[PDB]
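First, one chain by itself in structure tokens, the form deposited in one PDB entry.
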């Protein structure tokens, strides 16, 4: 068949876990490999003669993808998608569920927004045998408590599929385990026993010989969590360069001019009297990050109708922007294709203005447009005669999973606090089928605020050895 040996092993593991009657959490890395294995597992649990209904809960962007999968696997297997506008919702509430007992029951695919708004209806009239999730990243901060209401009725079996459960935040295993196995509640209420001095260390390799109880706690930490979590590797390229830039004297003058925050008296004479000031800065870290990235972002104090300084001198304010320009003019001789990843759209506007002056045409996903994305990709991009060379993306937004991956070089302008966002940013950056080397670059500044953020983010990422 289509599936390989490893998929069969995953199926057998699911059957063996159902043989013990335990609800399941699965953390396979390959996104497409989970859904076909789950569909085959349900088909094995459907053809045996069981009459239980099934609920699938996935994000809205992939529901029709599920409609492809049941189309691709077996045409005799049908399903319903309970996603519609309000007028037809009451039309489809009873369309395929005439009675609690019958020969045929449909398998229902819902969304997060359906299970959170007007979700009382589902419990009131009918029980469900299997409940399955498809993301597993929305149950950490214990904000969605309707799962308790779903728990009040007897849900026999729950399966939770997660991409990566390790964000290295406190009590993620607490929160996830209490949705799947709430039986042990008091055991986790104190985290000191699992916690060790090895977690809090300043070494680059994070291994200390002088500390005690590290090996026993690590061994028990993978040992108890090993039956609950299955993680499968495909086997049984990538080059990231982080380049730092030197700080110019003018931006440094702004830096030690706003440490003591004396900006109001200095620019009060320059500004017109009677206009006033927009407001004293509130938080330190976010404003420091804006200042480190570019001082022009801070120009909300002044008023102009898209009035920005000349492009010739805009280079002088930052060393990061100058280094990016040097890297880009070095990369035009390589005759390759670049992506620019950023976090704030105002920076994605300053950059857009800069390349609207440079004369190259760009393609951008900001999130202001709805359903124009596909048209943006098809037109002036992903074409042999497409003359666009610069593609602007926000890490928090959503781009299409393009197999072609015409863009081989990725540039991160600013870093993220959680490395998993960078992981999915690399996942979109390079995909299967291209042998092209992927020289990922990062623009950073030395001896600054973001160096602490980068160090804390890499220390956050470095806990992937302790879980399996």
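Residue numbers count along the first chain shown, from 1.
For this session: Please figure out whether residue 236 and residue 237 are truly consecutive in the deposited sequence or have unmodelled residues between them, and give none, 1 to 3, 4 to 9, or 10 or more.
Result: Unmodelled stretch: 4 to 9 residues.
Here the subject shifts to the form deposited with a small molecule bound, a form of this protein not shown in this document.
For this session: Go through 42 to 50, 25 to 33, 435 to 443, 412 to 420 and give me the stretch that gets within 4.5 Å of the small molecule in the bound PDB entry, heavy atoms only.
Result: One stretch meets the cut-off, namely 25 to 33.
Exercise. Are any of the heavy atoms in residue 403 no more than 4.5 Å from a heavy atom of the small molecule in the bound PDB entry?
Worked result: Yes, contact at 4.5 Å.
For this session: Give a yes or no for residue 2: in the bound PDB entry, does one of its heavy atoms lie within 4.5 Å of a heavy atom belonging to the small molecule?
Result: Output for residue 2 is yes: heavy atoms within 4.5 Å of the small molecule.
Problem set entry | All of 140, 142 and 395 with a heavy atom within 4.5 Å of the small molecule in the bound PDB entry | Not a single residue of the candidate spot has a heavy atom within 4.5 Å of the small molecule in the bound PDB entry.
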